[PDB]
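Shown next as structure tokens: one chain only, the form deposited in one PDB entry.
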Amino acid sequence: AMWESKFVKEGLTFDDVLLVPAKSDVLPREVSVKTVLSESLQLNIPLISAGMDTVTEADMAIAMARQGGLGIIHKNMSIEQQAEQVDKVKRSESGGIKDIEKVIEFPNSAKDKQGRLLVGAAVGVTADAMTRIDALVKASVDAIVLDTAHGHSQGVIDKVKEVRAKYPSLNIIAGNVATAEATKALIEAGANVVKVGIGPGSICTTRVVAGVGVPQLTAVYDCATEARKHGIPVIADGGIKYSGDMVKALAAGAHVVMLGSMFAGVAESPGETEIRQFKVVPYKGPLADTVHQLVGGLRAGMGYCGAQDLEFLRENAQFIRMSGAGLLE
């Protein structure tokens, strides 16, 4: 019964487990932190910036792709401004080799068919949704995220199916889900990238009010096991304590983790600067100065596990559970 087999089911967070070290002939220099989400969406680092208005504008989106990651423009702005941001990220020096100057010192840039760097944009389910997407695709966007707090509402699985039949070339990133059965629902709907983030962090703290949610580690693990039957990558929204948890997330079966908070202090994020230092997280600095901490930490984490790439990381991953007594320290 669905009233008998419920209670015993156990959940798990990132902090509750540790990755078991392996015989490593692999070094952080050698390791590959690249993941393929699509032909269009070829990332060189497993990171995406959230589509938050306090996280990613055009100033922020460019910085991510310059490194090799991905920027998701926020939907909390007029389409005119929104459609411009995407193409502004697309027009910086993107789509041409003419500016070798920009090619000269951003080694691991992630790019599309035209050699343009990759940018994504958030699209709401608010009633005039398609018009907000027609401007972005024609702004040559590479991806859009149809996400709500109702991240698995029929309406949010609706405007996914209403787009795939409409658009051949658009990569639909869907979310958020918490279960493997909810992963399939998005994928069958027309989702080539699935996002896991129900009660991920404080982004949708419905645990205290709605009382709903699934522990992120298991949420990442379960969904990834289902999305692999279609070769579809998953996005690890929230749950991350530090970059050591990136190592735990990318081993559960994830291709990319997406972050918001860690971008609250960088200069490329929206927020009037002030010399003490705070925006309108106080300050963090250049995005290039924060990224290598995330990457370096992941490099050694898989250099510890003998993972050359992110694929072998998942196939040959074993965890070990910590007791609830002395885990905080």
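Rigid core here is just the name for the largest C-alpha set that superposes within 1.5 Å across the two forms. All residue numbers refer to positions in the sequence shown, first residue = 1.
Just so you know, the form deposited in another entry exists too; it's not on screen, but the next bit is about it.
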Once the rigid core is lined up, just say which one of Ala180, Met77, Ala129, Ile203 has a C-alpha that travels 2 Å or more between this form and the one not shown. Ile203
For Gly253, is the C-alpha shift between this form and the one not shown 2 Å or more after core superposition? no
Flag for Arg164, CA shift 2 Å or larger between this form and the one not shown after aligning core: no
Large Cα shift (2 Å or above) at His150 between this form and the one not shown, core-fitted: yes
How does the C-alpha distance between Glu162 and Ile203 change in the other entry compared with the present structure, closer or farther, given a change of 3 angstroms or more? farther
Once you compare with this form, do the C-alpha atoms of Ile203 and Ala180 lie closer or farther in the other entry, given a change of 3 Å or more? farther
